[PDB]
Amino acid sequence: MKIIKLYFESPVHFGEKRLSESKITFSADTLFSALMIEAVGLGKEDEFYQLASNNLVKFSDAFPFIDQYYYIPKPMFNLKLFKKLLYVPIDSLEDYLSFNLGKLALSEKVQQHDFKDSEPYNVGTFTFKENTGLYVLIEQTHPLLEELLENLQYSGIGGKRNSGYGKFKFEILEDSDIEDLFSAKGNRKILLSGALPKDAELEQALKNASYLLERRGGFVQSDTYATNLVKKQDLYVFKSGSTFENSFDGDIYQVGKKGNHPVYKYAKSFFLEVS
Amino acid sequence: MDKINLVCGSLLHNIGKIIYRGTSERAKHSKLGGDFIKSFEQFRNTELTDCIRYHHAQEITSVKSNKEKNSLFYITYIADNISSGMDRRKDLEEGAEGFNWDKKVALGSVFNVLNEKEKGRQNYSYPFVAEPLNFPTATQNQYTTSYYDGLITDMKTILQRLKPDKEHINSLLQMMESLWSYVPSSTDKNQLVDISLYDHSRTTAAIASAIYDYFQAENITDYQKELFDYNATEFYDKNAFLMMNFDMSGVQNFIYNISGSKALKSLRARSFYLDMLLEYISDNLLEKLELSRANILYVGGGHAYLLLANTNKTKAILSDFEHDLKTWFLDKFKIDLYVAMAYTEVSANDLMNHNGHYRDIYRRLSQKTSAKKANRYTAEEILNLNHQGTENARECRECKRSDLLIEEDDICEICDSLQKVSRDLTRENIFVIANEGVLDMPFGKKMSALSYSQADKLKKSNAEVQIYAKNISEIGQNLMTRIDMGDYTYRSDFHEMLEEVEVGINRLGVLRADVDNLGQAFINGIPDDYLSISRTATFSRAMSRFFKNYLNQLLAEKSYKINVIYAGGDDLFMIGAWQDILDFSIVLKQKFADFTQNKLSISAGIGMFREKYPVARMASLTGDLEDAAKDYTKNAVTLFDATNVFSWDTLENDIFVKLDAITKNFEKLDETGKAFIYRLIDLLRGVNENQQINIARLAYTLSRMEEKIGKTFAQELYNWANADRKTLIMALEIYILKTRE
Amino acid sequence: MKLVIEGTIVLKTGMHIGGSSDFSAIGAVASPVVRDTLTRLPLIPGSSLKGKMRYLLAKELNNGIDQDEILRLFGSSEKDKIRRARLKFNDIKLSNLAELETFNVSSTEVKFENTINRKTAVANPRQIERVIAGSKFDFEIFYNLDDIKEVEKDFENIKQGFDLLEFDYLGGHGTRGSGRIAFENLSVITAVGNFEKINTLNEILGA
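Residues numbered from 1 in each chain as written, not as in the entry; some residues may be left out. Chains lettered and ligands numbered in written order. Part of a larger assembly, values for the part shown. Heavy atoms only, no water. Residues with missing side-chain atoms left out of burial classes, pairs and counts.

The deposited coordinates, according to the entry record, derive from cryo-EM at 3.35 Å resolution.

### Here we look at the overall build of chain C
Along its length, chain C carries four helices and eight strands. Taken from N to C terminus, the helices and strands of chain C fall in the order β-β-α-α-β-β-β-β-β-α-β-α. Over its C-alpha atoms, taken along the principal directions, chain C stretches across nearly 60 × 45 × 30 Å. (Helix = DSSP H or I, 4+ residues; strand = E, 2+ residues; numbered from the N terminus.)

### Structural notes on the interface of chain A and chain B
Across the boundary between the two partners, chain A contributes 24 residues, which contact 25 residues of chain B. For the side of chain A that touches chain B, the elements supplying multiple residues, two or more each, are strand 10 (213–216) and strand 11 (235–238) of chain A. Residue classes in the side of chain A that touches chain B are distributed as 13 nonpolar, two polar and nine charged. (Contact = heavy atoms within 4.5 Å. Nonpolar A, V, L, I, M, F, W, Y, C, P; charged D, E, K, R; others polar.)

### Some details on the sheet that holds strand 15 (residues 271–274) of chain A
Residue and element names in this part refer to chain A. A sheet is described by the order of its strands in space; here three strands give the open sequence 12-9-15, paired in antiparallel fashion. In the strand order of this sheet, the two ends are held by strand 12 (243–244) and strand 15, each with one partner. Bridge analysis of strand 9 (residues 188–191) against strand 15 gives four bridges, and the strand direction is antiparallel. Considered in strand 15, the bridge of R188 is made with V274. (Pairing = 2+ DSSP bridges.)

### Quick word on the side chain of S84 of chain B
All names here are of chain B. Checked against the element boundaries, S84 lands in the loop between helix 5 (73–83) and helix 6 (116–119). Residue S84 is classed as buried on the basis of its relative accessible area, which comes to 1%. Separated by 2.9 Å, the side chain of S84 and the backbone oxygen of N81 make a polar contact. Beyond its immediate stretch of four places on either side in the chain, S84 contacts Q191, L192, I195, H200 and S532. (Buried < 20%, exposed > 50% of the residue type's maximum accessible area, 1.4 Å probe, protein only. Polar contact = N/O pair within 3.5 Å; in protein donor to acceptor, adjacent residues only side chain to side chain.)

### A short note on the sheet that holds strand 4 (residues 338–347) of chain B
Sheet strands line up and pair through hydrogen bonds in the backbone, either parallel or antiparallel. Residues and elements named next belong to chain B. One open sheet accounts for four strands, arranged 2-3-1-4; its pairing is antiparallel. What marks the edges here is a single partner per strand, and that holds for strand 2 (298–299) and strand 4. On top of the sheet, helix 13 (residues 359–374) reaches strand 1 (239–249) and strand 4; it is set at about 145 degrees to strand 4, its chief contact. (Axes fitted to C-alpha atoms, helices over the stretch in contact; angles between N-to-C directions.)

### Here we look at helix 3 (residues 151–164) of chain C
For an α-helix, 3.6 residues make a turn, and residues three or four places apart therefore share a direction. Its 14 residues place the ends of helix 3 of chain C 20 Å apart at the C-alpha level, agreeing with the 20 Å of an ideal helix rising 1.5 Å per residue. Residues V151, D154, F155, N157, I158, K159, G161 and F162 of chain C constitute the buried set of helix 3 of chain C. (Expected span 1.5 Å × (residues − 1).)

### Looking at the packing of helix 24 (residues 675–685) of chain B against helix 25 (residues 692–704) of chain B
Residue and element names in this part refer to chain B. Look at helix 24 against helix 25: their axes get within 9 Å of each other, and the N-to-C directions meet at 160 degrees. Considering their axes alone, helix 24 and helix 25 lie roughly antiparallel with respect to each other. Crossing geometry of helix 24 relative to helix 25 is assigned as left-handed. When helix 24 is examined against helix 25, the residues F676, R679, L680, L683 and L684 are found in contact with a partner set consisting of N694, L698, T701 and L702. Within the contact of helix 24 with helix 25, the residues separate by chemical class into six nonpolar, two polar and one charged. (Parallel < 35°, antiparallel > 145°, perpendicular 65-115°, else oblique. Left-handed = near helix turned anticlockwise from the far one by under 90°.)

### What to know about the nonpolar core
Side chains that are nonpolar tend, in soluble globular proteins, to be buried together. All names here are of chain B. Core analysis: the largest hydrophobic core is formed by 78 residues, its most contacted members being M574, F592, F640, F676, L684 and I709. Aside from chain neighbours lying at most four places away, what touches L684 is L698, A721, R725, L728, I729 and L732. Counting residues in each nonpolar core, the second largest holds 70 residues, with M244, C412, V501 and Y566 among its members. (Core = buried A, V, L, I, M, F, W, Y, C linked by side-chain atoms within 4.5 Å.)

### What to know about the packing of helix 19 (residues 535–557) of chain B against helix 20 (residues 578–595) of chain B
Residues and elements named next belong to chain B. Orientation of helix 19 relative to helix 20, taken along the N-to-C sense of each, is 145 degrees, at an axis distance of 12 Å. Crossing geometry of helix 19 relative to helix 20 is assigned as right-handed. Touching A542, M543, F546, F547, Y550, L554 and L555 of helix 19 are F584, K591, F592 and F595, all from helix 20. The residue inventory of the contact of helix 19 with helix 20, partitioned by class, reads ten nonpolar, no polar and one charged.

### Focus on the interface of chain C and chain A
With 27 residues of chain C at the contact, the number on the chain A side is 28 residues. Note on chain C versus chain A: buried area summed over both sides is about 2,400 Å², and carbon and sulfur give 53% of it. In terms of surface lost to chain A, no three residues of chain C exceed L38, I82 and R84 of chain C, which account for 22% of the buried area on that side. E140 of chain C serves as the salt-bridge partner of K167 of chain A, at 3.0 Å between the closest nitrogen and oxygen. Counting the contacts that link chain C with chain A gives nine residue pairs in polar contact. Contributing elements (two or more residues each) for the side of chain C that touches chain A: helix 1 (46–60), strand 3 (87–89), strand 7 (136–144) and strand 8 (181–192) of chain C. Residues belonging to the side of chain C that touches chain A are distributed by class as follows: ten nonpolar, five polar and twelve charged. (Buried area = accessible area lost by both parts, 1.4 Å probe. Salt bridge = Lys/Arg side-chain N within 4 Å of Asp/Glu carboxyl O.)

### So, helix 13 of chain B
All names here are of chain B. Taking 1.5 Å of rise per residue, 16 residues should cover 22 Å, and helix 13 covers 22 Å from first to last C-alpha, within 8% of that figure. The complete set of buried residues in helix 13 reads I361, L365, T369 and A374. Along its buried surface, helix 13 packs onto strand 1 and strand 4.

Okay, structure coming up:
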């Protein structure tokens, strides 16, 4: 199982709902949407969507990491039992059965007008400090994914493009001693992506589930989608650090029907199994 | 028999003792109430006052056979016994003419018992006034007959004015909230000298009502056999009570979920609206439960504590209540507002306060909330929300949603509703509910909240609407209840308000604040050994009523140019002139200090802003400014930047005498102010990086002004710059700011 | 394809740029310059560079009448035509701070201005913080290429915008001695893939 570390040269902008906010990570559907926008850029769309349909490029969502420590959100354990804590190391969770990523900011901008008044607007952002960043986790690495990732570091992950925030230089630095945790089978499962199981396996997936729904879905960009900006069908996934017993497996839902090309949303499971 | 018997009996149990020390005659206090109620309230039936006047075994065995059942004199009796807090079963109490009973102790507060390890043991006393401005102070005083004479005129008038019906029970507990919330209950052992007779009485009515529904539930009568064989702990082990909780999740992100033009009136509106919605859903559960406003312990900023009836039918209507409530939420607020209901099933063995089991019972309840707060929705509503979606090109600006968008403009229906009540949310309006209104709240009944001109005529003729208010103007003729809110304004317009202050710099200040150590105060509220149920609710209602009523009155009495948005121990946002909110912070510190009796303190954040500035940016920046002062928890205020964070005593003492000295001296001089002050500031703020250079130039320039600023004054400037110079650079800075133009 | 425009921003005067929401003390500068929130080193937003190039393309292109190329090169969100922005800009940080401390001088100066009332001759002092002249901001611009037939036209009309910015300022109080830039050693190199006719682009940037 593989790592893709992302070292950022610049402040980033990952919004929940609006522009003036930011968060410190970006979910899996954001990464998938970005990568197949780049595959639109180089004409390998359908092959990429089939490669993610056949579950060869299943991947995690992005997580904070500091120098040689990789973190995850605190798993919502439904035990007898810190409320200001957010993340714990992935090799340090079972003992729970020294955190500084950066600082958020509001770089604040204007639109100039010639004769009209100048139009001010503020953009929320977050800055990663020096030996920090983000990383994701994929499964069974693919050369086409390597071909598409290098086109994304030169066109900007993040919200606001092309001016001028989210930018990075990726590096695999393949795993050594963390995929054993993935191979460590356990009695208590931890999701690590914004998954939505299909309707067949949804009701069996709440035997002890301690989840959190999280709305996902925004506007749709293209040169050829719908002749103006339309929303997408908001789809309602579980939050990343959820906790289960019954492992499901979600899928990638088409939420674009009205425009000529479709619009997809990656939501399939990526589990960490512990005691 | 309807529940009016016990609620009008157990709450009016031992009420007539207020004149038992107010006159010289010493008849049996329960019989004293039994004979006064013929002359005080109405032509009251003796069978309805059977539950009043027979409240012990020595007074029940006298009447054991003449007065048969379905009068329920057992019920208020055992409700008294467990509502005191541990045990008063077979003893000649105060009022039964036995000994020289103590008749001169005021109310002992429960601020010390909250965190018994921070104060140990102390007796507190309440200075009462015939609002009222009553504090839990430690200086000891006594209750008087003239207050008892005034309230017995009020008891021969208003209790005569009311009727024992369930429709008007709420008004009499509002009356009791206004009067007997700050009185002692008795002068016995520590169980009933720590609590008011108010929450004792209404919890007594609650215990009586719940055990009445229980005795109806498993169909048990002949109450002599099931109570009087022992101290009844063997009958007290069964599930007869439900210490139930409600909880609002994500209230703060919802009230801040704005990006609008109208971002201040909207913020006030939704901040009020969440508290009002929680109050309405709690009141609906009480009405559907066929209960009163007695068993509701406390409603806060996002949570409610109650007590319930422990029947299978009450559980079934709780299940249907939960389904209706979450269905209403899920088709109005998706996940952004989830409400969590949880009860801890307990016993009256759990309630007699001997076998531990209260703070871990709170912990079990918090677990049962959090176990529900994890597993939110089941399957069908998830699929409903997922397949409900549709694609379009229009969105509201703040509530960024497509559904419930109004026609030909892009604000949500909820969002236009919260701008509709936004402008006309005055200091005096009445919150009426109706089937025709502007707001939306479950179950399918709206809020109008109209002003007191048009909402008066249908408030009686159109019945079956529970009307809420924020003025004590219901003497018993209007059937409105009061629930206050922080709503002080100067005139809610900054352009007129800031041009009034033609003294200092034309700048607008805002304020953010909260209360220190409040989270630990609710992790472990009151311990086991000194517990009755009713006492910890009085703390939170005193804090909340302190904030709303006291802050509104405080900003009224000293005519401050301060507009108010929030109110609470976690939310406080006021906007105004900086010269008026800077000196409001110190008196806020003093008033919350002597209200808490120097136990709970304030973290505050104050910043200075241009008059033409987006208020959302102001509120975010000053909340973060306070959050810089919040962790510093400790008591502290930051002044306009994260670099200037001062503790309260440091602020008050150090700066406000090193501003008073500067103002006192430099206004005596016609040729020093204020180029010398600017030069002194410039050399003082730059000593942080290079030190002996600036201190030497400072000594030289204090020497050369020593004939003008004073042979004394330069010495204090030198030693203050050596000793505490961060508290003088801010002192000269705020002197400069308040001596502008 | 996807191309990288590389170079630097050698600064001839000024560059007061931006403005933060920090509380303006009485003291030192009110309305300070924009700096990074961690490292506190002066940088320009890439949006201001992007907007000056967009503006100076806009005022000169189709001089007499928005246009295609002002959306072909810089994005659009109209109700009929929506185009992906062909350029790609990043925020540009200060580069040569090591040799801007060999002169033992700070990165950012404070500039002392005032107006006088014409009516009463009462001055009104302001301090404005701006980066010192002689700064060099090493910048990188990427290029979202999607058609080979327009690379030479795009590059001749961005190099035209590259020189038109040298005669205008970049942000802040421009018409009172600020913001004037110059562009040294501009070049182009393909990010990924391999383009063939990079020579004409590299010479037209070096021209």
